[PDB]
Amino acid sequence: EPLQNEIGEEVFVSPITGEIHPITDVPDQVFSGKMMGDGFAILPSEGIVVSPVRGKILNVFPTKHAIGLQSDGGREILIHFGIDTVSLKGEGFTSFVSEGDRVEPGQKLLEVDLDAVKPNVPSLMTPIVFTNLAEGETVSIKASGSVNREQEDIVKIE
């Protein structure tokens, strides 16, 4: 099951193209305060979201702006596109996966019409939250600046 790289780490690829930020930069304390878990964020420049891991879809929000996944290695991840986006009721969001789907890295999960979304939210910053980390595990960003969808080795869980 678990997909591991040449260093025997589980593969974790950038799910979105844009700029990588520490989780402390999300301008919403539910996320910067790590209330659901540690993680990182990406300010997107394209509105396509792809799977960062080989794993399974656990939950697709009704508004299609956030997706929950679990990697073959057991980490649960939530990707929530944008800040305060449930207000949009789904408008501008398309889903390409269903709950229980099995996904491979780079497989498309969602597509966002940024021009329809941008004007209506306070920030397009998108948190990537690890929701079941072990006691003592922290997230660290390895990449810096712009990242592209499918780029590996962008963060580390230490």
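The first residue of the shown sequence is 1; numbering continues from there.
As the entry records it, the average C-alpha temperature factor is higher for 66-74, out of 66-74 and 23-31. Higher mean CA temperature factor between 34-42 and 101-109: 101-109, per the PDB entry.
Residue-level inspection of the entry shows that, of 52, 47, 55, 119, 119 has the top Cα B-factor. Sort the modelled residues of the chain by CA B factor and residue 136 lands in the highest third. Residue 13: CA B factor lies in the middle third for its chain, per the PDB record. Annotation for residue 94: CA B-factor lies in the highest third of the chain's modelled residues.
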